[PDB]
Amino acid sequence: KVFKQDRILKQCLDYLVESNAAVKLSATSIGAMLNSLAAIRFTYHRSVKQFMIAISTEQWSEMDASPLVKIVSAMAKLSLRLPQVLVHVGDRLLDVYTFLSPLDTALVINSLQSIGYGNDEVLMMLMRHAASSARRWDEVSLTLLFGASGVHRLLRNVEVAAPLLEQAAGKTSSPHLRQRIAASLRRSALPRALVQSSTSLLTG
Amino acid sequence: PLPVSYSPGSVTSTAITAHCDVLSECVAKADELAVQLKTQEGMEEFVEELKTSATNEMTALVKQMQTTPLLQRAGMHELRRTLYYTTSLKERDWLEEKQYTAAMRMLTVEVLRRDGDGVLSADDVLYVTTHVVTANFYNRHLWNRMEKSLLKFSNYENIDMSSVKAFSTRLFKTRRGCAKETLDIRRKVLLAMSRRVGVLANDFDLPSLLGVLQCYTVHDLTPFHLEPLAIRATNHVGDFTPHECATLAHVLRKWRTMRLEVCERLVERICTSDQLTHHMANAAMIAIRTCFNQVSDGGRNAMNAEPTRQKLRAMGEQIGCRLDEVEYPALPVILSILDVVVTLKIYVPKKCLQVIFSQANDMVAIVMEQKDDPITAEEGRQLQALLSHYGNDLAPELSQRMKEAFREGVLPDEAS
Amino acid sequence: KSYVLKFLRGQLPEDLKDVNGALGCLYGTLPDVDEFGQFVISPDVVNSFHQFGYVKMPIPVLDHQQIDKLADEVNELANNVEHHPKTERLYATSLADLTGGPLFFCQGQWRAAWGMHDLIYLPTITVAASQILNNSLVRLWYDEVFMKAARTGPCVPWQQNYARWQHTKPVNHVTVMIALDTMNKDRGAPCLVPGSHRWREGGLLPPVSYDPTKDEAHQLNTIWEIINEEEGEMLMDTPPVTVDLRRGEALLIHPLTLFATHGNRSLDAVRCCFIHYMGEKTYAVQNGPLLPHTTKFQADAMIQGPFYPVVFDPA
Amino acid sequence: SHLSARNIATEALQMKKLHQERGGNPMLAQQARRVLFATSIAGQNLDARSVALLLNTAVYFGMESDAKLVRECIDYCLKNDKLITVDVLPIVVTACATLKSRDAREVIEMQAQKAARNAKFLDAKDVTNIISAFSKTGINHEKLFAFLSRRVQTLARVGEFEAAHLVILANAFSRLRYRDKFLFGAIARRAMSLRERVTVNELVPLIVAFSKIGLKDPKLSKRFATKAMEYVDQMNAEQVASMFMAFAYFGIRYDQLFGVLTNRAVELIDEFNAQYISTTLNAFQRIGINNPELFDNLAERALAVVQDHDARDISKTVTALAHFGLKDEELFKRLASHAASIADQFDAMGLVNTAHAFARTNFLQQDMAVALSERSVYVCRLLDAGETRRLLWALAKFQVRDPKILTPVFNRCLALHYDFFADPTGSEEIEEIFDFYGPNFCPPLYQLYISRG
Amino acid sequence: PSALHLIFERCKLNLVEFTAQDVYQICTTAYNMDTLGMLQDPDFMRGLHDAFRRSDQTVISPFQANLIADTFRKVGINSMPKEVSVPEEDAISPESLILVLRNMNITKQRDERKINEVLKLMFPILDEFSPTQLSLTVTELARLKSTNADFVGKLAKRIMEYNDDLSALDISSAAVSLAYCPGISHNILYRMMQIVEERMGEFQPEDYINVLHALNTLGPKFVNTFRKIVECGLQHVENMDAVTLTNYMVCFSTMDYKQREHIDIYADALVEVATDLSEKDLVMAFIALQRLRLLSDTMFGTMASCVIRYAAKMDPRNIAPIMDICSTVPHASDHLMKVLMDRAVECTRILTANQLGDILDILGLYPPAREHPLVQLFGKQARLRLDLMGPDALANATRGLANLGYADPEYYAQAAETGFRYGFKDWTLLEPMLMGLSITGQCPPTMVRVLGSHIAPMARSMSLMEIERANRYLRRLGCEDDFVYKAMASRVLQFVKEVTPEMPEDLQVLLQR
RNA sequence: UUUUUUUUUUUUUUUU
RNA sequence: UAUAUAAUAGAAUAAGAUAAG
């Protein structure tokens, strides 16, 4: 209903935190609640921060891929930056990255960019996995990936950015996204020849 | 016969007078309870009951004014007291926004209608302007017409003393945090009545004399018509309390009337106080500096300039020895006093310097270790230079504290 | 003349009527005296107006950006927290009591607003109005704007324009309605009788009594109360028609046609403009001014002056 | 013409300059108004300079405070107060001078506080522009004026200003009614130190300002009189009338200068317009000099051209002619018939002056009297007791006896009865008024009048 | 399309209750696909804008609101997203004031009172900030051009405290944002540059760009850090982007790098790939190369050839620098110069006073510009712009028009009056006016008197050759005041104390008078 | 041509 | 097995009469 009464949800979250119920809830339930809170731009971030902190490392250790990506996406859309939640997220990603769908990979990459994630190994290996499975990427997934804030940071190697660029040239058909990708290629650290060829393909 | 519709501002009594009498009595009783206090919950109960009674009375008045064409049948004095009570109950928080706006919109409409007729006397204009701008209720046409009608100085020539004093106090009291758009019209109200104040110079009593002078000065207005108003005060020193002489010195300095002869008397009168304070000492030091800067080494009496400075220096020492009794609220007062002493080479005892620097150390022992909360870096440098000039043995703690503060960087810059 | 200060040499006069012609705002400028032939209305439109007492122009008379400008000016006229400058230049306004209401109405706006002043001199509507009045001189009398509330805009009851214009001697008038918004039966489109302009050989029905504390049904149904049996027989065959207007659509209305405006039940305000044009050889009836603070005429003096400017003159 | 907002502000400023000091071409004003009507800065980001220029050019060309561009510019000035530096402060102040909204007042007060705080760090250009801008708003911040006057004196002690700066400074400090004799002495000294660099065009306005400010010192006027006497030959009618007015304002009886000025004025009698004739007659009335040949020449020229007579010109001319005594027959008829046509332009006091001048000379025309009487209902609110008495006596001599016209005048008289009945003069005037209108027309004023107070 | 028509009609009449998210979705599908006539239909877009204005925009991100406003402005509807208020006492969190600042920055509508309010609600709760939140709020405050340096200094100290928790990008962004703040302390800047150079082996090209911008802003007080980065980047010089090479050139020009050994390597690397530069980057590279005295015979040709493809549509603010570079350099640039003159002729309408003055000044002594048709157009435009010219722009324009032989006595007389209104302070601000008048050799005597009264005080600080030129101008104009010649002869006496016939005729004539 | 500047001022007794 | 991401800046510049206390 896009209903915005944040006092009611604040009372509900206070009851959730006080009852120590965040240590027994399911991963998909946590993701659904966080996504619902983020979909309406919840105001009181202190309650959400306490609720996310209260959950234990046991839950973080064996979360499935999709609830985990939902949780990190809801964290990113709520402008939450937590130093100790992100290390748990990173080790869980290290464990279960191979099962991510392409749209999950794009969501993870752009959400981690949106929160200014400082780790580079996890980002680099996620980008490598995305490059390996480039032949299956849809249109919305490419928009989500190449629409990330610091996308040019991730376009480090030619191997990790060649199939993604050719797939974007083949599939993406929006002038603004192509211009943004060309600008990111210009600001990237790729070899000059590949940048020139990709810019030629995308624009013109 | 012509249908004139002019009624004196200060017969033709409608129900508005009966409505306002109840409010007057209720407000008087609610005020008397405050004096009786000097059972807080108990008296708060009576206060709440009186507030509810006044709210009901004002609701009835507003409904009567809206439903019935009472304003046209009303006189002028009742309209003015209705405006007074409508503005006064809001600052006392006995009315809501809706009722207050509904009453004041109709008040302004009726005032504008009477202005269009032309029955607004030279006193009603001042009354409405002062009781509207101080309440900060904005109506474009009313404000513009009042500001335009306050420029006919020929009308405001024979205003009564009591009305002058009432407007002066009303504008003076609520000056502290007034909105900026009100300042210009405040100055216009003050200046429209300036000539009448000038011809009233030989009639004020001394506390009201300083009240009017401070009211004009705080509104950054120093009109020439009020020139005698200050002069009499200069010629009437010795009847003022010691504290008031500091404000008198500041006013005289801002009025280009501070000279050596009056400065001697002002310093002497300050020195008759039982115990000095920061205000009196600061004003005395500033006055001494101002008079010391008024002597020329190549003027008419250039040969006689050297003794005068000496005399002033002596008077400075008179304040210099009584510099421990005061309590400095902020560092700038200490810095100004010390700068005035050093620049004029005034002699200060070591005990006074010790007390001053101890208070300064206790003051700066708040900004750096608490760090929760505005001493700028240049002020700290000036304090360090002063301490070094007078010797670091005075306050050994302060020197190290300032040095570690400057190394740490707690003190911000002036640009920030 | 006198000496104007250097920083005041570009200011416009207090009264905008003092401007002899039209400002450059909105449309560029009035064309040449021999370039007015491209705004002529079709003869079929004239016949339709003479048969029905009303007609809507084939094309919108204003481009969209001009419509946005006019809507912004209407919004600024109805300001309450900061009252409009030149408010005392209006004949009458709904904010004279400073409170307001669901319906905001403003008269004599052309003396206190740019753009609205230029709207008077629009060739597209003035040429058509002149064609309506047997191809003669046209003089602006006055204009007004209505703006309805967001969801509680009231409906104007049935009315005849000439019922209030009793100071003008002959029946020589025309009304132009410009819709600054998109209107509908639920939003404020005008509903008028298809043939009421030729009833009683030109007479006027008595004033209609309405209760301002109820819904729209009785307001629109008072027409039966105010008419007689024969008028009912005429009305039954041709019921009143509500014309839906888009942005910039102009509607020419006879002064004797019965018309009303539906209330606003949309989710935001709706604005409309009425401009009343006389013709030449239109005379007064009684001494004194027709409008508040206007020129005082004689018993049968012809209507002219700066308050009623000439906006189009054939030959 | 599609252009960026900065590229539009630049051409707008150029158009303002050309329409201001290079002839008032109406086409330039219309083009600028059309260009600024469609201009908006809601989305694009601009410097404070561009926004200030747009606001100033919009306000100059007749745009009130209800427009979109003015509202956006005022919102920008209210929000980003720290980006409006001293360089772009006078532009904003001048733009807000005419506007009298609440936001305009707040902006003006904030700029005044900023200028008063930073009054010691400015230069000749900044100080001159700031004082000129604050002259136009009618503000009454005396502390700011004192600070700026002190800075002016210190900056001019080293010979910084020049002719144009001195003219602007004197005009600004005279319009604000700041009778600082030391400041004007410094300005005069800087002017006299500018040998042969103060031309006639830069000398006449200085004398006009020094006359208007009303300085007590009479030694200063002598130097201006001599320098004007040297410069008479190089003058048009404008400056001749200007110095007639100026030396009437000074009030010192000079002889050689007046003779040479009269010679030059009668030389240029074929170039005088309505305003120059009115100014000359008013100056002669103020100074008291009786010059009947020049009065005859001016009356003949005023008879030659009557359409150019504005309400101010008409009022000054009739008042001067009535006070002097000399009066023509057909010239008065033409002036009255013309004032009947433009009776809707008279001010609060100009109307009273014109009506009383026509009544005092026993010249009664029905059309003019009716027009002035009917117009005398929107101006009674803005009348002092003396002006109200004059208007009431003019109406009594005109025999109006119309309640709709009389009751506002009597309301004003009752609302100002103390200043009305205690006037040192006019007792016979009030006696004649009450003899005409009788006791029963207005009871309360009669009861007050038979009480002498 | 009966259903589509009904939906459009119901949207037009404002009878559909729209949420902010629904309006955002409609805007996205209209801007992306636009298969239907959504953007082309004005009434539907007006209705959608009316729904969006009255909606509740708190439930959308600042980016979404910005996109909605951009979509509305693309069609003509002047739209502007609502301003968000400062959070209340309960919602005062480190993650909400940052959101306020971010929305203020993104929507491009900054209120300084709101900035102060959110800077006074951040100090008590400044201990709850994450290490990345400080690096975010520093850049957000820098992008708002805030003048509060104490708050940024405290933030920088905290950022230094959490050094190990921040990535290279955060450190570089904090460094450049700190460098952009004007009033910040210098000890903090030194500490930040030490931190940057300690963690400098992990930098991406973006971090290199940020560090170079920070160094260029700071100036030649930070030479050691620039030397360190130059020594480190020498390995990557061949495999390097063009923009960062241009920034290296700009920093080299700014710091006055005396080690001219690596400058050659970096300049050659830049000129190799100069083909991939835009307008501003190419202009900056030109200026940096000129100020480093690097324009050789061949690299100038390549850079000019690169400029040729851009000279047709150059901005009016990028024409004068290239003209100056061509003027100073002694190589062949006739074709580029002609193209630039044609572009200036095209742009003469929109050129401001300063740009027109610079263009006229550069072409003052250019031989081919004598017969080019720009002289008359620029003279007329300068006469029009003479009201807006400053004390120096007027002098530059007058000098350029006098050197070109443009003869119009009215323009020079108006320039004389404008100069008299402004006043003169240097001889270089008065000589162009004198030669412009001497071109026609006629002016009213009052003009001569004012010019002589201006010249006379200035005669005590002129060289002998300038005295000769001033005497020539005064003789051509026809002055007769004696004190001016007295002062000129007094100044001449000092340089040549001998009245011997050795000096030329003009000198004897001057001392005689 | 030699007069002047640099505070947190808060104390006016009306029934409007 | 899900309905969706959005941030790069450049310009130094002065017009001038209100029927007062």
# chains A, B, ... in the order shown; residues from 1 in each chain; ligands from 1
call {"tool": "interface_residues", "arguments": {"of": "chain E", "to": "chain A", "cutoff": "9 Å", "atoms": "only C-alpha atoms", "output": "PyMOL selection string"}}
result
chain E and resi 19-21+32-33+58-61+87+90-96+99+130-133+165-170+204-206+239-241+243
call {"tool": "closest_atom_pairs", "arguments": {"of": "chain G", "to": "chain C", "cutoff": "8 Å", "atoms": "only C-alpha atoms (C1' of nucleotides)", "output": "tab-separated table"}}
result
residue	atom	partner	partner_atom	distance
G:15	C1'	C:6	CA	7.8
G:16	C1'	C:6	CA	7.9
G:17	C1'	C:5	CA	7.5
call {"tool": "select_by_dssp", "arguments": {"residues": "stretch 111-266 of chain C", "states": "helix (DSSP H, G or I)", "output": "PyMOL selection string"}}
result
chain C and resi 111+116-120+123-132+161-163+196-198+200-202+216-226+229-237
call {"tool": "atom_distance", "arguments": {"atom1": "atom CA of residue D:399", "atom2": "atom CA of residue D:315"}}
result
21.2 Å
call {"tool": "interface_residues", "arguments": {"of": "chain G", "to": "chain D", "cutoff": "12 Å", "atoms": "only C-alpha atoms (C1' of nucleotides)", "output": "count of residues only"}}
result
13
call {"tool": "interface_residues", "arguments": {"of": "chain E", "to": "chain B", "cutoff": "12 Å", "atoms": "only C-alpha atoms", "output": "list in words"}}
result
residues 120, 121, 122, 123, 124, 125, 126, 127, 146, 147, 148, 149, 150, 151, 152, 153, 154, 157, 181, 182, 183, 184, 185, 186, 187 and 188 of chain E
call {"tool": "interface_residues", "arguments": {"of": "chain B", "to": "chain F", "cutoff": "6 Å", "atoms": "only C-alpha atoms (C1' of nucleotides)", "output": "ChimeraX atom specification"}}
result
/B:80-81,208,211,247
call {"tool": "interface_residues", "arguments": {"of": "chain D", "to": "chain C", "cutoff": "6 Å", "atoms": "only C-alpha atoms", "output": "PyMOL selection string"}}
result
chain D and resi 30+34+60-62+275+308-310
call {"tool": "interface_residues", "arguments": {"of": "chain A", "to": "chain G", "cutoff": "9 Å", "atoms": "only C-alpha atoms (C1' of nucleotides)", "output": "list in words"}}
result
residues 110, 140, 141, 143, 144, 145, 146, 147, 148 and 149 of chain A
call {"tool": "atom_distance", "arguments": {"atom1": "atom CA of residue E:214", "atom2": "atom CA of residue E:164"}}
result
21.4 Å
call {"tool": "atom_distance", "arguments": {"atom1": "atom CA of residue D:121", "atom2": "atom CA of residue D:187"}}
result
19.9 Å
call {"tool": "residues_around", "arguments": {"residues": "residue D:393", "least_positions_apart": "5", "cutoff": "8 Å", "atoms": "only C-alpha atoms (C1' of nucleotides)", "output": "short mmCIF file (atom, residue, chain, number, x, y, z; two decimals) with C-alpha atoms, in the first residue's frame"}}
result
data_model
loop_
_atom_site.label_atom_id
_atom_site.label_comp_id
_atom_site.auth_asym_id
_atom_site.auth_seq_id
_atom_site.Cartn_x
_atom_site.Cartn_y
_atom_site.Cartn_z
CA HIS D 356 -5.74 75.48 -3.40
CA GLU D 429 -9.34 80.17 6.65
CA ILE D 430 -11.17 77.90 9.10
CA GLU D 432 -14.46 81.14 6.26
CA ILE D 433 -14.78 77.36 5.93
#
call {"tool": "interface_residues", "arguments": {"of": "chain E", "to": "chain D", "cutoff": "10 Å", "atoms": "only C-alpha atoms", "output": "PyMOL selection string"}}
result
chain E and resi 69-70+73+78-80+107-114+145-147+349-353+384-388+420-423+446-447+449-454
call {"tool": "write_last_selection", "arguments": {"atoms": "N, CA, C and O atoms", "output": "compact mmCIF listing (two decimals), in the first residue's frame"}}
result
# COMPACT_ATOMS: atom_id res chain seq x y z
N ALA E 69 12.15 14.40 -12.26
CA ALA E 69 12.25 15.82 -12.61
C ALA E 69 12.90 16.00 -13.98
O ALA E 69 12.49 16.86 -14.76
N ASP E 70 13.94 15.21 -14.27
CA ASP E 70 14.59 15.30 -15.57
C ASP E 70 13.64 14.91 -16.70
O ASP E 70 13.60 15.57 -17.74
N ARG E 73 11.24 17.78 -17.19
CA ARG E 73 11.88 18.93 -17.82
C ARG E 73 12.21 18.67 -19.29
O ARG E 73 12.29 19.61 -20.08
N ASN E 78 8.24 22.59 -16.07
CA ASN E 78 9.24 23.02 -15.09
C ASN E 78 8.94 22.32 -13.76
O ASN E 78 8.05 22.73 -13.02
N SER E 79 9.69 21.27 -13.47
CA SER E 79 9.48 20.45 -12.29
C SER E 79 10.69 20.54 -11.37
O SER E 79 11.83 20.70 -11.82
N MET E 80 10.43 20.43 -10.06
CA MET E 80 11.49 20.48 -9.07
C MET E 80 11.10 19.63 -7.86
O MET E 80 10.03 19.86 -7.27
N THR E 107 19.88 16.56 -5.84
CA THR E 107 18.81 17.34 -6.45
C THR E 107 19.24 18.75 -6.84
O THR E 107 18.45 19.46 -7.46
N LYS E 108 20.46 19.15 -6.49
CA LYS E 108 21.01 20.45 -6.88
C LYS E 108 20.14 21.60 -6.38
O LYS E 108 19.78 22.51 -7.12
N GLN E 109 19.80 21.55 -5.09
CA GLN E 109 19.07 22.63 -4.42
C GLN E 109 19.57 22.67 -2.98
O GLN E 109 19.07 21.95 -2.11
N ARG E 110 20.56 23.52 -2.73
CA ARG E 110 21.25 23.55 -1.45
C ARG E 110 20.76 24.73 -0.61
O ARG E 110 20.69 25.86 -1.10
N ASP E 111 20.42 24.45 0.64
CA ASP E 111 20.05 25.47 1.61
C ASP E 111 21.12 25.49 2.70
O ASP E 111 21.41 24.46 3.31
N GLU E 112 21.71 26.67 2.93
CA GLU E 112 22.80 26.77 3.89
C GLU E 112 22.31 26.68 5.32
O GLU E 112 23.04 26.20 6.20
N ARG E 113 21.08 27.13 5.59
CA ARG E 113 20.52 26.98 6.93
C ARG E 113 20.34 25.51 7.28
O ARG E 113 20.63 25.10 8.41
N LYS E 114 19.87 24.71 6.33
CA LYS E 114 19.76 23.27 6.55
C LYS E 114 21.14 22.65 6.77
O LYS E 114 21.30 21.75 7.60
N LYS E 145 30.24 22.91 -1.15
CA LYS E 145 31.02 24.14 -1.02
C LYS E 145 30.80 24.80 0.34
O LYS E 145 30.68 26.02 0.44
N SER E 146 30.73 23.99 1.39
CA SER E 146 30.59 24.51 2.74
C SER E 146 31.88 25.18 3.19
O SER E 146 32.99 24.76 2.83
N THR E 147 31.74 26.23 3.99
CA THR E 147 32.87 27.00 4.48
C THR E 147 33.26 26.62 5.90
O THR E 147 34.12 27.29 6.50
N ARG E 349 28.29 37.06 -31.29
CA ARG E 349 27.06 37.49 -30.63
C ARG E 349 27.06 37.15 -29.15
O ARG E 349 26.63 37.96 -28.32
N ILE E 350 27.54 35.96 -28.79
CA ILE E 350 27.47 35.50 -27.40
C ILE E 350 28.74 35.79 -26.60
O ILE E 350 28.75 35.56 -25.38
N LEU E 351 29.79 36.29 -27.24
CA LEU E 351 31.03 36.59 -26.53
C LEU E 351 30.79 37.68 -25.49
O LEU E 351 30.17 38.70 -25.77
N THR E 352 31.29 37.45 -24.28
CA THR E 352 31.18 38.43 -23.21
C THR E 352 32.23 39.53 -23.40
O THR E 352 32.98 39.55 -24.38
N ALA E 353 32.27 40.46 -22.45
CA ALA E 353 33.22 41.57 -22.55
C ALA E 353 34.66 41.08 -22.44
O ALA E 353 35.52 41.45 -23.25
N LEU E 384 28.92 48.15 -28.63
CA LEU E 384 27.72 47.75 -27.91
C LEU E 384 28.04 47.33 -26.48
O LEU E 384 27.32 47.69 -25.54
N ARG E 385 29.12 46.57 -26.29
CA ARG E 385 29.49 46.01 -24.99
C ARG E 385 30.24 46.99 -24.10
O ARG E 385 30.55 46.64 -22.96
N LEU E 386 30.55 48.19 -24.60
CA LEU E 386 31.39 49.12 -23.85
C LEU E 386 30.83 49.48 -22.49
O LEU E 386 31.59 49.90 -21.61
N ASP E 387 29.52 49.32 -22.28
CA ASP E 387 28.96 49.58 -20.96
C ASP E 387 29.36 48.52 -19.95
O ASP E 387 29.48 48.81 -18.75
N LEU E 388 29.58 47.28 -20.40
CA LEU E 388 29.88 46.17 -19.51
C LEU E 388 31.37 45.89 -19.36
O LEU E 388 31.75 45.06 -18.53
N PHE E 420 37.20 57.70 -18.20
CA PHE E 420 37.06 58.79 -17.23
C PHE E 420 36.08 58.43 -16.12
O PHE E 420 36.28 58.85 -14.98
N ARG E 421 35.04 57.67 -16.44
CA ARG E 421 34.14 57.17 -15.40
C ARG E 421 34.79 56.12 -14.51
O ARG E 421 34.47 56.06 -13.31
N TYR E 422 35.68 55.29 -15.06
CA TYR E 422 36.34 54.27 -14.25
C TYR E 422 37.57 54.82 -13.53
O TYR E 422 37.76 54.58 -12.34
N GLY E 423 38.41 55.56 -14.24
CA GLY E 423 39.68 56.01 -13.69
C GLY E 423 40.82 55.08 -14.08
O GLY E 423 40.64 53.89 -14.33
N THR E 446 38.04 69.40 -23.91
CA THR E 446 37.85 68.89 -22.56
C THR E 446 38.44 67.50 -22.40
O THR E 446 39.02 67.17 -21.36
N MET E 447 38.30 66.66 -23.44
CA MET E 447 38.93 65.35 -23.42
C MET E 447 40.44 65.47 -23.30
O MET E 447 41.07 64.72 -22.54
N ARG E 449 42.10 67.97 -21.96
CA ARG E 449 42.41 68.46 -20.62
C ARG E 449 42.35 67.33 -19.59
O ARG E 449 43.24 67.20 -18.74
N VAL E 450 41.31 66.49 -19.67
CA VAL E 450 41.19 65.38 -18.73
C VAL E 450 42.31 64.37 -18.93
O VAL E 450 42.89 63.86 -17.96
N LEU E 451 42.65 64.07 -20.19
CA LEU E 451 43.73 63.13 -20.45
C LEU E 451 45.06 63.66 -19.93
O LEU E 451 45.86 62.90 -19.36
N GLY E 452 45.33 64.95 -20.12
CA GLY E 452 46.55 65.52 -19.60
C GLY E 452 46.59 65.54 -18.09
O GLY E 452 47.64 65.29 -17.48
N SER E 453 45.46 65.82 -17.45
CA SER E 453 45.40 65.80 -15.99
C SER E 453 45.58 64.39 -15.45
O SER E 453 46.06 64.22 -14.32
N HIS E 454 45.18 63.37 -16.22
CA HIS E 454 45.46 62.00 -15.82
C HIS E 454 46.93 61.65 -16.03
O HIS E 454 47.53 60.95 -15.21
call {"tool": "residues_around", "arguments": {"residues": "residue C:309", "least_positions_apart": "4", "cutoff": "12 Å", "atoms": "only C-alpha atoms (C1' of nucleotides)", "output": "list in words"}}
result
residues 16, 17, 18, 19, 20, 21, 22, 110, 111, 117, 120, 121, 137, 138, 139, 140, 141, 142, 277, 278, 279, 280, 303, 304, 305 and 313 of chain C
call {"tool": "residues_around", "arguments": {"residues": "stretch 265-269 of chain B", "least_positions_apart": "5", "cutoff": "7 Å", "atoms": "only C-alpha atoms (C1' of nucleotides)", "output": "PyMOL selection string"}}
result
chain B and resi 238+242+245+284
call {"tool": "residues_around", "arguments": {"residues": "residue E:277", "least_positions_apart": "4", "cutoff": "10 Å", "atoms": "only C-alpha atoms (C1' of nucleotides)", "output": "list in words"}}
result
residues 242, 243, 246, 273, 281, 282, 283, 285, 306 and 307 of chain E
call {"tool": "residues_around", "arguments": {"residues": "residue A:66", "least_positions_apart": "3", "cutoff": "9 Å", "atoms": "only C-alpha atoms (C1' of nucleotides)", "output": "ChimeraX atom specification"}}
result
/A:28,31,63,69-71,100-101,104
call {"tool": "write_last_selection", "arguments": {"atoms": "N, CA, C and O atoms", "output": "JSON list (two decimals), in the first residue's frame"}}
result
[["chain", "number", "residue", "atom", "x", "y", "z"],
["A", 28, "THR", "N", 14.92, -16.24, 5.18],
["A", 28, "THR", "CA", 14.00, -15.63, 4.22],
["A", 28, "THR", "C", 13.04, -14.67, 4.91],
["A", 28, "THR", "O", 12.66, -13.65, 4.33],
["A", 31, "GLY", "N", 15.03, -11.50, 5.43],
["A", 31, "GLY", "CA", 15.13, -10.79, 4.16],
["A", 31, "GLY", "C", 13.83, -10.11, 3.77],
["A", 31, "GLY", "O", 13.84, -8.97, 3.31],
["A", 63, "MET", "N", 23.40, -19.24, 5.75],
["A", 63, "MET", "CA", 22.34, -18.63, 4.97],
["A", 63, "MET", "C", 22.42, -19.08, 3.51],
["A", 63, "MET", "O", 23.51, -19.22, 2.96],
["A", 69, "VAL", "N", 21.41, -12.44, -0.46],
["A", 69, "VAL", "CA", 21.44, -11.31, -1.38],
["A", 69, "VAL", "C", 20.28, -10.36, -1.11],
["A", 69, "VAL", "O", 20.42, -9.14, -1.24],
["A", 70, "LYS", "N", 19.12, -10.89, -0.70],
["A", 70, "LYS", "CA", 18.01, -10.02, -0.33],
["A", 70, "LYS", "C", 18.37, -9.17, 0.88],
["A", 70, "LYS", "O", 18.07, -7.97, 0.91],
["A", 71, "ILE", "N", 19.02, -9.77, 1.88],
["A", 71, "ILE", "CA", 19.41, -9.03, 3.08],
["A", 71, "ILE", "C", 20.40, -7.93, 2.73],
["A", 71, "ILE", "O", 20.28, -6.79, 3.19],
["A", 100, "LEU", "N", 25.00, -18.48, -7.18],
["A", 100, "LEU", "CA", 24.27, -17.24, -7.46],
["A", 100, "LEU", "C", 23.78, -17.22, -8.91],
["A", 100, "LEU", "O", 24.52, -17.56, -9.83],
["A", 101, "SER", "N", 22.52, -16.82, -9.09],
["A", 101, "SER", "CA", 22.01, -16.55, -10.42],
["A", 101, "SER", "C", 22.59, -15.24, -10.94],
["A", 101, "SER", "O", 23.05, -14.40, -10.15],
["A", 104, "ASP", "N", 21.16, -12.30, -9.29],
["A", 104, "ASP", "CA", 21.69, -12.22, -7.93],
["A", 104, "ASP", "C", 23.09, -11.65, -7.91],
["A", 104, "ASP", "O", 23.43, -10.84, -7.04]]
